[PDB]
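Engineer: Output the structure for:
(chains A, B, C, D and E)
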Amino acid sequence: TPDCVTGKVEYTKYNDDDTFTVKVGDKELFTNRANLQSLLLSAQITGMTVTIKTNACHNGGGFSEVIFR
Amino acid sequence: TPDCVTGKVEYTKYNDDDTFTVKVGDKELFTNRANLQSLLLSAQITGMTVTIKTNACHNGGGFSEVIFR
Amino acid sequence: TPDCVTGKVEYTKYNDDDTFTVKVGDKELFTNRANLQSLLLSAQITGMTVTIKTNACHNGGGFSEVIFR
Amino acid sequence: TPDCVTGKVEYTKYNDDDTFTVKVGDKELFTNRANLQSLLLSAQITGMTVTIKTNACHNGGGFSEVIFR
Amino acid sequence: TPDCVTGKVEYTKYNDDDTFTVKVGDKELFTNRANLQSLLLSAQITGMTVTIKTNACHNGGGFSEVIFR
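Structural biologist: Numbers count the residues shown, from 1 in each chain, chains lettered A, B, ... in the order given. Here you go, the structure:
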């Protein structure tokens, strides 16, 4: 799966349908994997660099692969 | 969903019916989404700014959308 | 539900029947709500003030309402 | 249940059968309670003193009661 | 099970099939044990030394035993 965006997490958002949105760089992407919620919030809290990999690389696109650095 | 309140978490409360109350600004709101409990406690512990979005924007109102900054 | 005790957590204890004991002030109380286990350990780790509300306000009393400050 | 060992956690180990081993003092003990895994890792990360209570107080013994201080 | 690699976690990766990859030393290994995801991310965040034990000691090998130091 191609890299879509790499950077620090600007904000995260818990959505009404229980998906989780993350803003990295200039993209706002969402995931429906519940396990990723606290992992992404910890990446945000500790200033990690995340690389989100997704084919839906556009605002509102979904993802399920993340590298935490 | 309209923004209801933005600020640092003043306190959180685990309720008898397993819902979770959060006080931000001047509003005391609650959520019944279990996944939000440790996310909101981490936001409190690390001094994050949260924006709670809800139509029930009054004390005792329920919510399910939160932005963590 | 009346306030029972307010203070910093002195210690927590995982019990054999999977309940969780917390000592605050001079009271040793327990809860059977699994969700409260890591929330109370985080309150302990970060020096939060907790207020336990319970009618069973005596050693060995059970509780399910907590304010984290 | 008698106290078996008190001290800081020297290391923890995730085992193939999903049990979790902890070394405190001179004893290597294990637990099969999934809830204790992240609680014990947090106790290790923050230098807490833990008291493991168990009748099987010997290397390889199992436990389910822990005091976190 | 033989030791495969010991060192600090260079990065972790959440995979599309919900397995979790970790890079330690020169090996990239994965686990399918969901419980290990946040334990390994905490080990990464706090600079722990981990020893991964596995017979599949090669890139892309799977593991289920980890010592956290």
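Engineer: The closest residue to residue A:61 other than its chain neighbours pairs with what?
Structural biologist: In this structure, residue A:61 finds its nearest non-sequential neighbour in residue A:29, 5.2 Å apart by Cβ to Cβ, 6 or more residues apart in numbering or on different chains. In this view, the C-beta of every residue, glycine as well, is placed from N, C-alpha and C. Judged by DSSP bridges, the bridge partners of residue A:29 are residue A:22.
Engineer: Count the residues that sit near residue A:29.
Structural biologist: Look at residue A:29: counted by other Cβ atoms under 10 Å in any protein chain shown, it has 23 neighbours.
Engineer: do the same with residue A:43
Structural biologist: As a burial measure, residue A:43 scores 25 neighbours (other Cβ under 10 Å).
Engineer: Next, it: secondary structure please.
Structural biologist: Of the three states, residue A:43 takes helix under DSSP: H, G, I helix; E, B strand; the rest coil.
Engineer: List the contacts of residue A:34.
Structural biologist: Contact criterion Cβ atoms under 8 Å, 6 or more residues apart in numbering or on different chains gives A:18, B:35 as the residues in contact with residue A:34.
Engineer: what's the distance between it and residue A:40?
Structural biologist: In this view, residue A:34 and residue A:40 are 11 Å apart by Cβ to Cβ, to the nearest Å.
Engineer: now residue A:52
Structural biologist: Per Cβ to Cβ, residue A:52 is found 10 Å from residue A:40.
Engineer: which residues does the closest residue to chain C within chain A contact?
Structural biologist: Closest contact between chain A and chain C, by Cβ to the nearest Cβ, is at residue A:38 (10.5 Å). By Cβ under 8 Å, 6+ apart, the contact set of residue A:38 is B:38, B:39, B:42, E:38.
Engineer: Just the residues you listed: which are in helices?
Structural biologist: B:38, B:39, B:42, E:38 (DSSP state H).
Engineer: The third one contacts residue A:45, correct?
Structural biologist: Looking back up the chat, that one is residue B:42. Yes - Residue B:42 lies in contact with residue A:45 (Cβ atoms under 8 Å); the separation is 6.6 Å.
Engineer: now the strands for chain A?
Structural biologist: Remark: strands assigned in chain A by DSSP state E are A:3-14, A:20-24, A:27-31, A:49-53, A:65-68.
Engineer: okay, the angle between the second one and strand A:49-53?
Structural biologist: If you take axes from the mean of the first three to the mean of the last three Cα atoms, to 10 degrees, strand A:20-24 sits at 110 degrees to strand A:49-53.
Engineer: tell me what strand A:20-24 is packed against?
Structural biologist: Judged by 3 or more Cβ pairs under 8 Å, 6 or more residues apart in numbering or on different chains; DSSP states H and E, the packing partners of strand A:20-24 are strand A:3-14, strand A:27-31, helix A:36-45, strand A:49-53.
Engineer: Packed most tightly, which of those would that be?
Structural biologist: Across the helices and strands packed on strand A:20-24, the average number of neighbours (mean count of other Cβ atoms under 10 Å in any protein chain shown) peaks for helix A:36-45, which reaches a mean of 22.
Engineer: between it and helix B:36-45, how many degrees?
Structural biologist: Here the directions of helix A:36-45 and helix B:36-45 differ by 10 degrees (the same axes, to 10 degrees).
Engineer: Can I get helix A:36-45 in PDB? Just the C-alpha atoms.
Structural biologist: Extracted in PDB, the C-alpha atoms of helix A:36-45 (Å, rounded to 0.1, in the frame of the first residue of the first chain):
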ATOM      1  CA  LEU A  36      -5.800   2.000  16.500                       C
ATOM      2  CA  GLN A  37      -7.600   4.700  18.700                       C
ATOM      3  CA  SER A  38      -5.400   4.600  21.700                       C
ATOM      4  CA  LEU A  39      -2.300   3.800  19.700                       C
ATOM      5  CA  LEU A  40      -2.800   7.000  17.600                       C
ATOM      6  CA  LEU A  41      -3.700   9.100  20.700                       C
ATOM      7  CA  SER A  42      -0.400   7.900  22.300                       C
ATOM      8  CA  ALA A  43       1.500   8.800  19.100                       C
ATOM      9  CA  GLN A  44      -0.100  12.300  19.300                       C
ATOM     10  CA  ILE A  45       0.700  12.700  23.000                       C
END
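Engineer: All set, thanks.
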